[PDB]
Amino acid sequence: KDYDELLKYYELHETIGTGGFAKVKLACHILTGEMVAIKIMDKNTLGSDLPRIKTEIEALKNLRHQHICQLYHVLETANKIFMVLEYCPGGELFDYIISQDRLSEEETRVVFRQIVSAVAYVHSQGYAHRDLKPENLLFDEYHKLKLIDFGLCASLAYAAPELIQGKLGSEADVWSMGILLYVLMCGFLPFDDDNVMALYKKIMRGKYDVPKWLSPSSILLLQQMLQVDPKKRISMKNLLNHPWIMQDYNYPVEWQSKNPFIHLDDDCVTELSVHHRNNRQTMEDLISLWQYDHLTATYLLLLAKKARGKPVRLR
């Protein structure tokens, strides 16, 4: 019944993950043949969370970035909310780290500059992510990273001491990025314990193992990101051009969106109007409402073809 609405536009394939208050399924958008990821949430189960879902959705509508997984379509039915997202066939950074054991400093840098890019942009737009971890970072077709899961934007192992103590959202995301940096280069958490309060204690103390394979510059950067006092912690600003970050690149992290929505793409508009046998101007006007309905999804998925060098064409 709920699925009747979705199945007008998508063929549903297998579940690819489950995360707290949602399951995500692989799917194909019937009109463009593009694969997508559909986040499915039941409104009734966890009904008081629905406000944080609703603001996650509006946040995503204001994020458009080369390292942020794109929202295409929101469908609300009687009992469900369905969010159609850019599909990242490379899967989770988490599983990539498992298979490699740990990344070299060179490859960590490549990956980490993408993460800093996404997060600095999120902050530039006035948000904090607040659940940065390797399950929330995916590899797309080109092995580029895409940040997902804005359900807590405004677990324990990645949470900053000040956030734990209920006391600074920018600074807290930097701490989390430090935990991520550590995990990339080391392949295990800097603070970990079976007992949650003992984990808390270790976080508050700020002491962690420094493995033998870490370079002095890496060790310094970790020290600066993992300051328990947020006032002493490196700020986002200084992370973007940190010497460790700058090694082999020689320019600071490029955080600004490279793909911003300026004017409508003539060719996507033209293809829709021709395909729907509709007046080109009505089509422009209707696309310009930006409802995140099936027309928006189709438009955006055509834009995505264009940016992957595929012909802008409907079937």
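For every residue, the number given is its place in the sequence shown, counted from 1. The term rigid core refers to the maximal set of C-alpha atoms that superpose within 1.5 Å between the two forms.
Root-mean-square C-alpha deviation from the shown form, taken over all structures in 6 other deposited structures of this protein superposed by the rigid core, is larger for 34 to 42 than for the alternative among 34 to 42 and 249 to 257. With each structure aligned by its rigid core, the stretch whose Cα atoms sit farther from this model in 6 other deposited structures of this protein, between 74 to 82 and 136 to 144, is 74 to 82. The records show that residue 168 is omitted from the coordinate set of at least a third of the other eligible entries of this protein. Missing-residue comparison: residue 21 falls in the unmodelled set for a third or more of the other PDB entries checked. Where coordinates are absent for parts of the deposited sequence, a chain break appears; between neighbours residue 154 and residue 155 it spans 10 or more residues. Coordinates are absent for 1 to 3 residues of the deposited sequence placed between residue 167 and residue 168.
Mean CA B-factor, 213 to 221 versus 133 to 141: the higher value falls on 133 to 141. 257 to 265 and 26 to 34 differ in mean CA B-factor, and the higher of the two is recorded for 257 to 265. Out of 231, 113, 146, 123, it is 231 whose C-alpha atom has the highest B-factor in the PDB entry.
For the set 39, 276, 65, 52, the maximum C-alpha B-factor listed in the entry falls on 52. In this PDB entry, the Cα temperature factor of residue 201 sits in the middle third of its chain's modelled residues.
When the modelled residues of the chain are ordered by C-alpha B-factor, residue 295 sits in the lowest third.
Remark: residue 314 belongs to the highest third of its chain, ranked by C-alpha B-factor as recorded. Annotation for residue 70: CA B-factor lies in the lowest third of the chain's modelled residues. Among all modelled residues in this chain, the alpha-carbon of residue 94 has a temperature factor (C-alpha) in the highest third.
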